[PDB]
Amino acid sequence: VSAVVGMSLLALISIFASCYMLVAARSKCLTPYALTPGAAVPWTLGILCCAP
Amino acid sequence: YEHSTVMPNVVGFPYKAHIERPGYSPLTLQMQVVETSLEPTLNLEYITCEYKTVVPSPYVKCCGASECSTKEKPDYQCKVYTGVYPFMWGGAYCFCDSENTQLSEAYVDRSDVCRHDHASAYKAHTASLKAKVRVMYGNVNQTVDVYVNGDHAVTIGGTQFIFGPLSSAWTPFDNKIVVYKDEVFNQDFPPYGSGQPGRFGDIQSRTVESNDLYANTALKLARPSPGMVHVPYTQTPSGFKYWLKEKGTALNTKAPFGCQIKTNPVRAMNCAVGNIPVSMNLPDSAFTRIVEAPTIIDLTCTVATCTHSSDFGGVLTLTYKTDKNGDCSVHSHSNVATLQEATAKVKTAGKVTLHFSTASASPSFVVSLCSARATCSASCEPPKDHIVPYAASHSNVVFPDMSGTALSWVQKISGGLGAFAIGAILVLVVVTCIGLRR
Ligand SMILES: *[C@@H]1O[C@H](CO)[C@@H](O[C@@H]2O[C@H](CO)[C@@H](O)[C@H](O)[C@H]2NC(C)=O)[C@H](O)[C@H]1NC(C)=O
Ligand SMILES: *[C@@H]1O[C@H](CO)[C@@H](O)[C@H](O)[C@H]1NC(C)=O
């Protein structure tokens, strides 16, 4: 029981950390385009990441 | 040639010892422990038995008075009573109606059975171990009696053996024990000269034949009833019978580690604890040179059936290619699986059958037929019987090999998660390097 609980917890924290850091990478790649007045994100980068 | 190894101190468990020196074929030793004894050194403190009270005939004096003097006897109690008028079957005993006196005395002495029924009080000290081990190799099969203390050195077919000392100093006996007939007890006892009436040790003697005695039984006299000749006395019953009634539970039915306790002398047998080290010095006549030993090449191993049970639930087959007929030595190099045979006959056909026992779901071990080695991996299913009458013939290991099914699944899951994490790390590092370049 203890081993299963520990393994599940470790898998969950690994998945969460990976997802959060990938989200951070997205948000840091697409952060300057929201600050530039006018202009627009390229369609390719706006497809490989969801760009509002 | 010197060698060293350790064995588990469990009775009946076969143990294979592998030796290997340059320029000779390997040799396999088998040593088994038949029985063990643990004996503590005892110093007697005192003994106890049922007591008896000696009441002599009272002294009655007509028309006079008597006084009585003390004597050096155990619990000597004497009193003089005045104004007594004894009666007998004929009539009165003395003329004087109220000028008489009576002297009554009594004391306590040990029973006439103390030589046959007594309980001893001891004090246990550091204990020694004796063993009876059987050795077997080549064409030698003998059993010897050895002292497991690192001092004894016995020779068996030209080979010196030195056993011990044991890895753990554990003794079931407490500091103070009491021995009676066939049982022993871990109970404290009152110190000599301070016994208490009605309990254990109310009558103490330094030894069986000693002439001194300590008795404290609360012997009180009483005045005789009028018109009668008798000595009355009230005395607390024997403490030895009281102890014999609800002494408690014996160590024989309480000793841990499955230890059989016998007396005369006080000793504990077949205690399963710790592991003994063995040092040996084998001569050059017991080996065989590499030239006159068969050469084995291309050795592979396979397992037919496997059921991890206390018996020898496993059959494995080795295939090989040899050059002459002869006999080799086999051995398993891991404690996961223990073989049954030590020497096997090889021939030109190239197939042998071996029996092994294990306690793991998926065992992995390396066997060795003469100078060649191979690896074995198997999958075993649990047995169905719940209770068995014989002891386990396998070392208790349950951790499966890293290539087993469960560890295989955990490896795949871990690999997938690690790949995802590594990809995320690489993506972040590339994006941040591009961002910093700006
Ligand atoms: C015989 O009996 C007489 C009493 O009948 C005893 O005399 C008594 O002696 C004691 C001891 O000196 C005195 O205290 C009493 O006063 C005596 N009694 C009387 C009535 O005088 C005598 O001692 C007895 N003799 C023998 C040999 O038994
Ligand atoms: C060794 O000797 C004992 C006593 O005769 C015997 O019981 C046992 O089977 C022998 N072992 C072998 C392998 O011959």
# chains A, B, ... in the order shown; residues from 1 in each chain; ligands from 1
>>> residues_near_ligand(ligand="ligand 2", cutoff="10 Å", atoms="only C-alpha atoms and all ligand atoms", output="list in words")
residues 30, 134, 135, 136, 137, 138, 139, 140, 141, 142 and 143 of chain B
>>> interface_residues(of="chain A", to="chain B", cutoff="9 Å", atoms="only C-alpha atoms", output="number ranges by chain")
A: 11, 14-15, 17-19, 21-22, 24-26, 28-29
>>> atom_distance(atom1="atom CA of residue 26 of chain B", atom2="atom CA of residue 276 of chain B")
23.3 Å
>>> closest_atom_pairs(of="chain B", to="ligand 1", cutoff="8 Å", atoms="only C-alpha atoms and all ligand atoms", output="CSV")
residue,atom,partner,partner_atom_place_in_ligand_line,distance
B:62,CA,ligand 1,28 (O),7.1
B:63,CA,ligand 1,10 (C),5.0
B:64,CA,ligand 1,11 (C),6.1
B:94,CA,ligand 1,28 (O),7.8
B:95,CA,ligand 1,5 (O),5.5
B:96,CA,ligand 1,4 (C),6.1
B:99,CA,ligand 1,14 (O),6.9
>>> atom_distance(atom1="atom CA of residue 144 of chain B", atom2="atom CA of residue 259 of chain B")
21.9 Å
>>> select_by_dssp(residues="segment 147-376 of chain B", states="alpha helix (DSSP H)", output="ChimeraX atom specification")
/B:239-245
>>> write_last_selection(atoms="N, CA and C atoms", output="CSV table (one decimal), in the first residue's frame")
chain,number,residue,atom,x,y,z
B,239,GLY,N,6.0,-22.4,52.5
B,239,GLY,CA,6.1,-21.6,51.3
B,239,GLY,C,6.4,-22.4,50.1
B,240,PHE,N,7.1,-23.5,50.3
B,240,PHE,CA,7.5,-24.3,49.1
B,240,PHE,C,6.3,-24.9,48.4
B,241,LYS,N,5.4,-25.5,49.1
B,241,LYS,CA,4.1,-26.0,48.5
B,241,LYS,C,3.3,-24.8,47.9
B,242,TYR,N,3.3,-23.7,48.6
B,242,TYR,CA,2.6,-22.5,48.0
B,242,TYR,C,3.2,-22.1,46.6
B,243,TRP,N,4.5,-22.1,46.6
B,243,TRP,CA,5.2,-21.8,45.3
B,243,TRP,C,4.9,-22.9,44.3
B,244,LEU,N,4.9,-24.2,44.7
B,244,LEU,CA,4.7,-25.3,43.8
B,244,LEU,C,3.2,-25.3,43.2
B,245,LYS,N,2.3,-24.6,43.9
B,245,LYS,CA,0.9,-24.6,43.4
B,245,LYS,C,0.7,-23.7,42.2
>>> residues_around(residues="residue 268 of chain B", least_positions_apart="4", cutoff="7 Å", atoms="only C-alpha atoms", output="ChimeraX atom specification")
/B:37-39,259-262
